[PDB]
Amino acid sequence: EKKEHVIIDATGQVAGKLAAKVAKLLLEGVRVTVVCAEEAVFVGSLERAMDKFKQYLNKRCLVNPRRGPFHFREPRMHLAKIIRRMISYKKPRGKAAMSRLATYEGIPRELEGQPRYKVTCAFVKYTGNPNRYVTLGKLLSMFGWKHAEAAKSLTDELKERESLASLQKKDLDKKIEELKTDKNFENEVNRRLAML
Amino acid sequence: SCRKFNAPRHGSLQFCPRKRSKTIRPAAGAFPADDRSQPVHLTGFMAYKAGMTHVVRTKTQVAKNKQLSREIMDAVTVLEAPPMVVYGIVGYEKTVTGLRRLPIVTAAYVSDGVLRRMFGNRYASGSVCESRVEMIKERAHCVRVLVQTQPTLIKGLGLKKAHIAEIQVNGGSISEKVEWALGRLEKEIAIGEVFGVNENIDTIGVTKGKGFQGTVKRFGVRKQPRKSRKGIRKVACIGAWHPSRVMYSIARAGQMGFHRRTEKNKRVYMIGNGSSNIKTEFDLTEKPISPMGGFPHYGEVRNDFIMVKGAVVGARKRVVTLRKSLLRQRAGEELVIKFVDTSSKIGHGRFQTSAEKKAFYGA
RNA sequence: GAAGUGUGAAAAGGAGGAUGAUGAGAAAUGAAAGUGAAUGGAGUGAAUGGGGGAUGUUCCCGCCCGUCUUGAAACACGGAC
RNA sequence: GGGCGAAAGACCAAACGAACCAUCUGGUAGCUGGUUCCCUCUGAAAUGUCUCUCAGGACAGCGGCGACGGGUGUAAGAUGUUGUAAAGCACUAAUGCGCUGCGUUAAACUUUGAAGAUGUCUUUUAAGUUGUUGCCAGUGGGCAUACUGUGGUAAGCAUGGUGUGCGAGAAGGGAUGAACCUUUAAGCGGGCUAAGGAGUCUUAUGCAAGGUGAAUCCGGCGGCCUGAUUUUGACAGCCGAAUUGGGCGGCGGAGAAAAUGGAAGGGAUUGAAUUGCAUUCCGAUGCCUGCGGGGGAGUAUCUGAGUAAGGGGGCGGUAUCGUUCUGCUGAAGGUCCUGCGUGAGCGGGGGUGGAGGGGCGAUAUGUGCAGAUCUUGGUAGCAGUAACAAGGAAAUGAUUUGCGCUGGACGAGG
RNA sequence: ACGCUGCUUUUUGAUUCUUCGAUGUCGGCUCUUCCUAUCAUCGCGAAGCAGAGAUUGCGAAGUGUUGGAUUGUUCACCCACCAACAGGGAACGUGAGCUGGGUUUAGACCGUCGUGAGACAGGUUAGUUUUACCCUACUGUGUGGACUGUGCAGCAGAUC
RNA sequence: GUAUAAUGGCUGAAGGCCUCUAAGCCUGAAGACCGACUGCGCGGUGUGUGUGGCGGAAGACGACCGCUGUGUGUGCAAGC
C-alpha cells in the first residue's frame with residue numbers, strides 16, 4: 001500500500017554499515033535507489049581488500065563452471081549483491097523486497113533536482129581509521145571495470161547545472177521579499193484578509 | 001592413485017562448447033587502433049573463396065652469404081573480390097554503460113539486394129537526413145559505414161541477396177571522417193584501395209562441415225587393443241567415483257566442423273583483375289589467373305581478385321571477411337615471384353595454356 | 001488335478017450403426033485401483049501435512065513408515081497400487 | 001545303500017558324494033519374520049547365585065492388582081571402629097657424598113595421620129508425618145557424563161568405583177547433534193521470568209578501558225617492581241637534559257606444509273569476532289492469577305510425560321432366547337451433501353436401487369488389519385518402447401520375365 | 001654428536017563403530033582432475049664464489065617429466081636418449097570400460113607330514129567374466145527476422 | 001598491456017648517530033589481472049521472416065544456406 005521513495009547518496013559511507021540499514025527499509029515497504037555506488041569505501045589498506053576479492057574469485061564449481069557462482073565486477077552490481085545477501089532472498093517475502101531496489105554509478109539524469117539523504121552511522125570519520133580506506137571504484141578497476149572516468153564526468157556536469165538552478169532560486173527569494181514589503185501590496189492583501 | 005607416465009591432454013578447452021555457428025557472415029570482434037595523424041581509409045573488406053594453386057619465388061640472399069639465391073615453392077589461395085557499395089553512416093557515443101549507437105543516415109536509394117537481406121524475399125508487399133548528420137559530428141566517439149557486396153557479378157553463386165556489414169573508418173578528425181563518407185554514398189570502393197602487396201592480414205569465416213563425429217576424430221584419442229569387447233573407437237574411463245558426476249573436460253561425441261574461426265598473419269602476394277593477363281613474372285606467356293578447365297567446383301575468375309599465402313578457412317563459394325592487422329609488424333621480406341602454375345587441377349595436368357596442348361598432338 | 005451360479009411375473013426382444021417396439025423397469029445390484037470427454041482454477045517450484053487465516057499460494061513449524069537394536073531419515077532389511 | 005563304469009565320484013528320462021512317487025507328517029526348531037478398536041490410572045530391568053552354561057533357563061531383586069489391620073537415603077548431645085591422601089624414616093627394601101652432618105625414595109614399607117565414611121543410646125533432643133499377607137507379568141546384550149582408579153605409546157580402545165542422565169523425556173536455547181545449559185508435556189483468556197541474547201537474516205539498549213598447536217626466539221606499553229648515571233653538565237656524536245641494566249604482568253609477531261570450491265552459521269564488521277560493567281529491554285508448553293475437563297481424597301482440596309508390562313470405563317461384526325418397532329405411499333447396499341461425539345463411531349437430506357431391515361437386556365463366538373520376499377483376483381507407470389515382419393518386378397496377373405535350393409520312396413511317431 | 005620439541009596420513013600395526021535377505025576382491029591398459037614437501041624451465045641470495053663445472057637457500061604449481069631387456073607383479077635392477085627424466089591424493093581414482101598374467105571351488109603330478117580318510121602363506125600344469133530401452137550428470141541438437149551494444153563463462157603455446 | 005612476489009635500492013624518523021620502513025617512493029617473475037580469441041543470456045533500433053515445391057557448399061531426424069520454372073538432354077572444353 002505504501003508509496004514512499006528515498007534516494008540515498010553513498011560518497012563517504014562504509015559499505016557494510018549502509019547495506020544493513022538499506023535492507024531493513026526494503027523489508028518495511030520502502031522504495032530505495034542508491035546513487036554514486038562507486039564512491040562507497042572499505043576501511044583499511046588496498047592490499048587487504050585485494051586479497052579478500054582474490055579468494056572470492058577462487059570459488060568455482062569444478063564439474064561445470066556455467067552453473068557456478070558468478071563474480072560481478074561492476075560497482076553497482078557488486079554493491080547490490082551485498083544488500084541481497086543481508087536477507088533471505090529465496091523466499092517470496094524476500095523476492096518482493098528485492099523488487100524495490102535500484103542502483104547506479106554516478107547520478108542518472110532523471111533524478112536531477114530531488115533531495116538525497118545519507119545514513120547517519122556509516123560516515124567513515126566516526127571510525128578510528130579516518131584517512132585509511134579504499135573506494136569501491138579503485139578496487140574494482142584493478143579487476144576489470146572500465147568506465148571509471150566516464151562516471152566522474154557525468155556526476156560533475158550534473159552538479160554544476162544543479163548549482164546554477166540554486167542561484168536563480170535564491171535571487172527570486174529577494175525579489176519576492178521586497179514585494180511583500182510594499183504599499184499597494186499590503187492594502188490589497190488586507191482586503192482579502194478582510195473577507196476572511 | 002598417483003598415476004605414473006604423464007602426457008598432455010587431447011584437444012583444447014578454449015573452444016568448448018563446440019556448437020554450430022549461428023550465421024554464415026560473422027562480424028569482426030575488434031578493429032585496429034586509430035592514429036589520427038594519417039589520411040582517412042577503411043579497415044576491412046568481404047570476398048569469396050575460389051581455389052588454390054602454386055607459385056615459385058626467389059629467396060633474395062644474393063649477398064655472399066653462403067646461399068645467394070634459393071627457389072621456394074609455395075601454395076596460395078585466390079579470392080574473388082568485386083567492388084563494394086556504401087549506403088550509410090553510423091556513429092557511436094560513450095556513456096557510463098559503454099558505446100551507445102546514434103540514429104543512422106541512409107543515402108538516397110537503397111539497392112534491391114539490400115532490401116532482400118533486411119526484409120526477406122517477399123519485401124515488395126530530407127532535412128531529417130540533415131539533422132542526423134549534425135549529431136554524428138557533435139557526438140559520436142567513433143564512426144562506421146554500412147557496405148554491401150554485389151554477388152550478381154559472380155553468376156556461379158546464384159545469390160541476388162547481399163551480405164552487409166559495418167566497417168570502422170580510421171584517420172583523424174571525426175568531422176573529416178564524416179565528410180569523406182558523405183562524398184562516397186551510393187558509389188563503389190575497390191579492394192586495391194584497402195590492401196597492398198606484402199602486407200599481413202586477418203581472415204574470419206566458417207569451417208567445412210562434417211556432421212556428427214566419433215571421439216577418435218573430434219579430439220584425437222587412442223584406439224583400444226584388438227581383443228577388446230564392446231568396440232574400440234572410444235574413451236575407456238570417463239571419471240573417478242568422486243565427484244560422482246561427469247566433468248565438462250571429458251571428451252564426448254558430437255558435432256564437428258562448421259565453426260567460427262579467426263586466423264591471423266596471412267601475407268598478401270598479388271592483386272589483379274581476372275579479365276586480363278597476370279604478369280610481373282619473369283616468363284613470357286600471357287596466362288590469365290585461372291587454370292585449364294577452371295577452378296574445380298567453381299567457375300572462372302572474371303572480376304578483381306587477391307592472392308594470399310597458405311590455407312584459408314571454409315569451403316568454395318563461401319563469403320570471407322578480411323581485416324587489417326591488430327599487432328605490430330616489422331617489414332616483410334622482399335617478394336620476387338617468377339612463375340604461377342595454371343595446369344589442370346582435374347587429373348594430372350601437364351600443359352599450361354591450351355594452345356600448348358594443341359601444338360603437341362598436331363591433329 | 002482346476003476355474004466357472006442369477007434377463008423378466010410373463011419371451012411379451014433384442015444382439016454393425018441410426019430410427020424404433022415391448023415392459024412396472026432395458027433388465028440383478030455395480031465399490032476401489034485406473035482411464036476418456038467437456039468445463040473452472042493453478043504451475044516451470046518434487047509433491048503431500050499441522051498452526052493461524054482465507055473462494056490456490058505469500059508468515060511459522062514439518063526428513064518415511066513398520067522392525068531388530070546402546071543407537072535409524074540412513075550408503076541396515078520388508079513395502080508399485 | 002542297488003546297478004553300471006579304459007575311473008571323471010562319471011552315468012541311471014533337463015537337478016545323482018545315494019533317483020523318482022505316496023504315507024508316517026500340521027516331523028522338531030534355545031533361531032528369522034508377522035501378530036487386527038477408542039479414552040483413561042499406575043509403571044520397570046539391562047544386576048547376584050547355579051547351569052555341556054555364555055544368542056537360552058530357573059531361583060532371588062525391581063513393578064501391577066488387591067485384601068485385612070492401629071500404634072525417616074537429614075541433623076543434634078554422648079560414646080565406639082578405621083590406616084587411605086598428605087607426610088615421614090621408628091621397622092623391611094633402596095640411595096649419593098663428608099669422616100658428626102648434608103642429599104634422594106616406596107602398589108605388595110609405617111613412628112604419625114586427616115577431610116570423609118561407618119556402629120550403639122536418648123524424641124525423658126530438632127525437623128517431618130506405616131504393619132501383615134494373597135495371585136501374578138516383563139527383565140537378566142546396555143550406553144553417556146562430572147569427579148575418581150587399573151592395563152596400554154595411544155584411541156570415538158578395553159575394564160572397575162560414587163552420583164546423575166539417555167534408554168522410557170517432549171518443549172525453549174547452544175547454526176546443525178540420543179546424553180550439553182533451562183526446564184519437566186499442545187484446553188480458553190490476563191500478567192512475569194529462565195537459559196540465551198539485543199548491526200542484518202531474527203523478537204529486543206547502552207556506558208567505559210586498551211587496540212587498529214610445542215620447544216625455542218623477537219618487539220612494544222603515559223603499565224608495574226627493582227637497581228645504577230646526571231646542571232660540580234650525563235647519554236649520542238663544544239653542545240644543554242634526561243640516560244641506562246635486570247626482571248614481572250597484559251598485548252602483537254616468527255616457528256606454522258595436502259590433496260573437488262568453502263565456511264567465527266552467512267552477507268559483513270577497524271571493535272557489529274577483545275576486556276570490564278548495568279540505571280534499560282526481549283525471550284518457553286516453566287511460575288502467579290480467572291474459567292473448562294479427567295483421576296484421587298477423610299468431601300473447605302490436591303494432582304496429570306512414558307517403552308516392556310498390568311488394571312478400570314466405553315465403541316463396533318454375525319447369531320440365539322425374550323421384549324418392543326418399521327417396509328412397495330419404496331427396505332438393505334452404494335454415492336454426494338450435512339448435524340452430533342475428546343475419540344472408537346452414530347444420525348438426517350437429494351439422486352440410484354427394487355426387497356426386506358432394526359432398538360433394548362442376557363447368552364454363544366471362525367468377533368475389528370497397512371506390513372508377514374503373506375494368499376487369490378484385478379489394475380498402473382515403464383511404452384506405442386525392446387523384439388519381430390515388410391520376399392524382384394510388369395494399371396491387369398491361368399500370360400511375360402528375375403532369384404533360392406533340398407528333389408522322390410519304405411519304417412517309428414501323428 | 002649426547003639430549004629435547006613437533007607435523008603429515010603415503011607404510012605396517014592397534015581397535016571392532018558401519019555393511020554377512022552380498023557395496024564385484026591385485027596389477028596393467030585407457031582417460032580426466034587436484035596437492036607441493038620443486039626434478040627441469042623463469043626471477044633472486046650465500047660461499048672455504050678467480051673462470052668453467054657443480055653445492056646450499058628463498059619467491060614460484062603456468063608448462064613439461066620419454067623409449068627398451070628380465071619378472072603377473074607393486075617393487076627392483078640394468079641399457080639408450082634427455083632441459084629434466086620429482087614425489088603424492090581422487091572408495092589403496094577407474095571390471096554393466098577392457099583384459100584376466102597373480103589370486104583363482106570341482107581334474108592331475110612332486111616333496112615333506114599323517115595308520116588312514118586327508119593337510120601345507122611349499123612348488124607345478126588345465127580351468128564360463130551376465131543385464132541399461134529408466135532418473136540424473138555430461139555431449140551435441142531443437143525451443144519462430146536483420147544490424148549491433150555489454151555482462152557473464154571458457155581460455156595456449158612451451159622447450160631445445 | 002597494467003599492477004605486484006622474493007631480492008636489490010631512494011628519501012627518512014623513532015634513538016642529535018645509524019638504518020630499504022614506521023608516512024611516502026623507484027625497480028622487478030615461465031606467476032596474477034586485463035587484452036585478443038570462442039560460446040551463451042539480456043538490451044537497443046527510421047528495421048519482424050515464402051504456404052508449398054526444388055537444389056546444396058548444410059544435414060541421423062528436426063534445423064541451416066539458396067532460388068521462386070533455367071532444370072533435364074545434347075555439344076564443346078578439361079581429364080582417365
Side-chain angles (χ1 to χ4, degrees), chain A residues 16-17 19-21 23-24 43-44 54 58-66 68-72 74 77 82 84-88 91-93 96 127-129 142-144, chain B residues 1-2 5-6 8-10 12-20 24 27 29-30 92 97-101 103-104 106 117-122 128 146 158-161 164-166 208-209 211-212 221-222 224-225 227-230 234-255 258-262 292-294 297 315-318 326 344 346-349 354:
Chain A
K17 293 184 192 299
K21 299 296 187 196
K24 193 67 175 172
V43 172
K54 265 150 178 148
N58 206 50
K59 297 307 183 282
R60 158 191 197 252
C61 165
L62 180 70
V63 160
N64 184 16
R66 283 181 303 290
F70 302 117
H71 319 268
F72 298 116
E74 295 183 348
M77 281 295 292
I82 297 177
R84 200 189 88 228
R85 294 175 298 169
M86 286 278 161
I87 196 65
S88 295
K91 299 190 73 71
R93 162 213 46 187
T127 74
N129 293 275
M142 293 183 72
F143 292 95
Chain B
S1 185
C2 87
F5 298 129
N6 45 35
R9 66 155 290 121
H10 289 278
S12 198
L13 295 175
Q14 182 163 10
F15 308 95
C16 296
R18 295 156 178 271
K19 307 177 52 149
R20 283 161 201 172
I24 45 162
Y92 288 87
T97 39
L99 291 188
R100 186 62 270 157
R101 182 164 99 179
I104 290 172
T106 304
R117 177 68 74 207
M118 274 198 217
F119 310 110
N121 273 336
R122 284 183 85 94
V128 64
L146 294 160
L159 263 297
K160 290 169 211 162
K161 204 174 179 168
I164 63 185
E166 300 178 4
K208 308 176 67 211
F212 205 92
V221 305
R222 281 190 89 74
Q224 310 283 142
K227 282 171 95 186
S228 179
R229 195 195 162 207
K230 297 177 222 275
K234 73 160 198 202
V235 53
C237 168
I238 57 181
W241 195 323
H242 285 99
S244 60
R245 269 170 313 295
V246 177
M247 284 173 70
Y248 85 102
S249 63
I250 302 287
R252 310 295 260 156
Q255 167 70 222
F258 207 75
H259 303 305
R260 155 165 190 167
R261 289 293 182 265
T262 298
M292 286 177 86
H297 293 90
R316 294 183 272 246
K317 291 176 187 191
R318 192 176 291 158
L326 263 58
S344 197
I346 282 161
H348 298 305
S354 294

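In what follows, every chain begins at residue 1, and chains take the letters A, B, ... in the order their sequences are listed.
- D:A60 and D:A85: their P atoms are spaced 44 Å apart (whole Å).
- Here C:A80 does not sit opposite D:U299 as a base pair, Watson-Crick or G-U wobble, with both distances under 3.5 Å.
- Among the heavy atoms of the strands lying under 4.0 Å from B:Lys234 are primed sugar atoms or P, OP1, OP2 only; no base atom is included.
- Nearest to the side-chain atoms of B:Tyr92 among the listed nucleotides E:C155, E:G149, D:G267 stands E:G149.
- In this structure, E:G43 is classed as anti because its glycosidic torsion departs from zero by more than 90°.
- E:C120 and E:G111 are base-paired, meeting the Watson-Crick or G-U wobble geometry with both donor-acceptor distances under 3.5 Å.
- Atom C1' of E:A84 sits at a distance of 49 Å from the matching atom of E:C17, rounded to the whole Å.
- Summarising the base pairing, E:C58 is matched to E:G43 through a Watson-Crick or G-U wobble pair whose two defining distances lie under 3.5 Å.
- Under the 6.0 Å distance and 45° angle rule, B:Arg261 counts as a cation-pi partner of B:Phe15.
- For A:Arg85, a side-chain nitrogen or oxygen approaches OP1 or OP2 of D:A268 to under 4.0 Å.
- Nearest heavy-atom pair, B:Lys208 versus B:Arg318, reported as atom, atom and distance to 0.1 Å: N-NH1, 4.1 Å.
- Applying the 4.0 Å criterion to OP1 and OP2 of E:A91, one finds that B:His242 has a side-chain N or O inside that range.
- Base pairing of E:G107 is made with E:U125, judged by Watson-Crick or G-U wobble geometry with both donor-acceptor distances under 3.5 Å.
- Here D:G283 sits opposite no nucleotide as a Watson-Crick or G-U wobble pair (both hydrogen-bonding atom distances under 3.5 Å).
- Stacking check, D:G397 with D:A398: criteria not both met, so the pair falls outside the 5.5 Å centre and 30° angle limits.
- In this structure, B:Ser228 does not reach the E:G97 phosphate: none of its side-chain N or O atoms is under 4.0 Å from OP1 or OP2.
- For B:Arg9 and E:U63, the shortest distance from a side-chain N or O to OP1 or OP2 is not below 4.0 Å.
- Base pairing analysis places D:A175 opposite nothing; no Watson-Crick or G-U wobble pair with both distances below 3.5 Å involves it.
- Contact annotation: B:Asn6 side-chain N/O to E:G64 OP1/OP2 distance is not under 4.0 Å.
- Applying the 4.0 Å criterion to OP1 and OP2 of E:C138, one finds that B:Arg252 has every side-chain N and O outside that range.
- Nucleotide E:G24 is matched to nothing when pairs are restricted to Watson-Crick or G-U wobble geometry with both distances under 3.5 angstrom.
- C:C77 and C:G66 are base-paired, meeting the Watson-Crick or G-U wobble geometry with both donor-acceptor distances under 3.5 Å.
- Phosphate contact (OP1/OP2 of E:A137, side-chain N/O of A:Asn64, threshold under 4.0 Å): absent.
- E:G62 and E:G157: their P atoms are spaced 16 Å apart (whole Å).
- In terms of position on RNA chain F, the residue among B:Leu326 and B:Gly211 whose nearest nucleotide sits closer to the 5' end is B:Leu326.
- F:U74 is unpaired under the criterion used here, namely a Watson-Crick or G-U wobble arrangement in which both key atom distances are under 3.5 Å.
- Stacking between F:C20 and F:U21 is absent, since the six-membered rings do not have centres under 5.5 Å apart together with planes under 30°.
- Taking atom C1' in both D:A46 and D:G26, the straight-line distance is 38 Å, to the nearest Å.
- Nucleotide C:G6 carries a south sugar; the sign of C1'-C2'-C3'-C4' is negative.
- Phosphate proximity of E:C147 to B:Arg117: absent, as no side-chain N or O sits under 4.0 Å from OP1 or OP2.
- Among B:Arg20, B:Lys19, B:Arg18, the single residue meeting the side-chain contact (heavy atoms from CB on, under 4.5 Å) criterion with B:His259 is B:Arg18.
- Note on B:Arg318: a side-chain N or O is less than 4.0 Å away from OP1 or OP2 of F:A58.
- The pentose of D:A127 belongs to the north class of puckers. Its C1'-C2'-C3'-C4' angle has a positive sign.
- D:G83 and D:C109 have their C1' atoms separated by 13 Å, with the value rounded to a whole Å.
- For the consecutive pair D:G252/D:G253, the pyrimidine-type rings sit with centres less than 5.5 Å apart and planes less than 30° apart, qualifying as a stack.
- Base-pair annotation: E:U19 with E:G122 fails the Watson-Crick or G-U wobble criterion (two N/O distances, each under 3.5 Å).
- Between B:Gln255 and F:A58, a side-chain N or O to OP1/OP2 separation shorter than 4.0 Å is absent.
- Distance check on atom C1': D:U47 versus D:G61 gives 8 Å, rounded to whole Å.
- For the adjacent pair D:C41 and D:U42, the base rings count as stacked: centre distance under 5.5 Å, plane angle under 30°.
- Of the side-chain N and O atoms in A:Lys24, one or more sit less than 4.0 angstrom from OP1 or OP2 of D:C201.
- Between E:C155 and B:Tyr248, a contact under 4.0 Å exists linking OP1 or OP2 to a side-chain N or O.
- Base-pair annotation: D:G378 with C:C81 meets the Watson-Crick or G-U wobble criterion (two N/O distances, each under 3.5 Å).
- Between D:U162 and D:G327 there is no base pair of the Watson-Crick or G-U wobble kind with both donor-acceptor distances below 3.5 Å.
- With both pairing distances under 3.5 Å, C:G4 is matched to nothing as a Watson-Crick or G-U wobble pair.
- Nucleotide D:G227 has D:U244 as its partner under the Watson-Crick or G-U criteria, with both atom distances under 3.5 Å.
- In textbook terms, a nucleotide whose glycosidic angle is within 90° of 0 is syn, and D:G351 is one such case.
- The six-membered rings of D:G151 and D:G152 are stacked by the 5.5 Å centre and 30° plane criterion.
- Distances shown here put a side-chain N or O of A:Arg93 below 4.0 Å from the OP1 or OP2 atom of D:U202.
- The bases of E:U66 and E:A80 line up as a Watson-Crick or G-U pair, and both contact lengths stay under 3.5 Å.
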